[PDB]
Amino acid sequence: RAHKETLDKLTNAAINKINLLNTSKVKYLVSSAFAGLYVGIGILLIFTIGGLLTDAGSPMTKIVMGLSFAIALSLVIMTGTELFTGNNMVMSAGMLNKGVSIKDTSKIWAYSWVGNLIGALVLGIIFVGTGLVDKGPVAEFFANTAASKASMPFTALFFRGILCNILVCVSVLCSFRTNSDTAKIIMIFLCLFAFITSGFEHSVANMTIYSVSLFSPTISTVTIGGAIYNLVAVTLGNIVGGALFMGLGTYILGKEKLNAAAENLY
């Protein structure tokens, strides 16, 4: 346990993010574009597996998918690129610790979200171009899943988004709490396995699911209005999970009782 020094690290990470965005908007967006595409890469893989195993009628489908998703956030952490869902915790913590402002935060949130989206779009276009989604069980898996995510009640999506970002941000948190790159990756594998297989909802990952589906030639049963719906619900859920739970939580754990230079702890 050193929660204080962890709090200092999240604060420094928040500071550097806003400093970077102010410095170069292109640098910051390109960083966010990579991250969105890196996450999407995980989606292409596990949806391929979904199509493959669903068509075969395997009971192991959802387990294999979760076991296979680690690459999404592992690429993000190992490239040091900008992922919206992680910024929920980092910027929240930083702000409570007075390193960054509410404006600084909404800004990072806004642009990371947008750049991630750009990444998914580019990935979506390129993947469809491969013809792997022209016809088949994988194409169908994208179709069916895109539809289900858009057709499900806001409350359900909302809560799934909370639990997702608790898991995604806690893996990010572990990355702050260890110097071992291999331990980072392992904690990410565990958290992404738990979140994918348990059926929680990740906003950035969905950007690619719909990106691929709306760019896909075969029918739709998608209704881009649906994509927006899903994305709104999951995003707010994510924010709560990251900002309300992990951000505030790590702040509470690490803030020195002294200071006390504002507020007092029971």
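One rule holds for the numbers: they count along the sequence shown, beginning at 1.
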Taking the deposited Cα B-factors and averaging over 44 to 52 and over 233 to 241, the higher mean is found in 233 to 241
Mean Cα B-factor check, 64 to 72 vs 211 to 219, entry values; winner is 211 to 219
From the entry's CA B-factor values, the highest among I196, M95, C169, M187 is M95
Per the deposited entry, the peak Cα B-factor within the set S175, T182, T155, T81 goes to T155
On the chain's distribution of Cα B-factors, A110 falls within the third called middle
The third of the chain into which the C-alpha temperature factor of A35 falls is the lowest
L117: CA temperature factor from the record, placed by chain third, in the middle
Temperature factor at the Cα of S151, chain-ranked in thirds, falls in the highest
Split the chain's modelled residues into thirds by Cα B-factor; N165 lands in the lowest
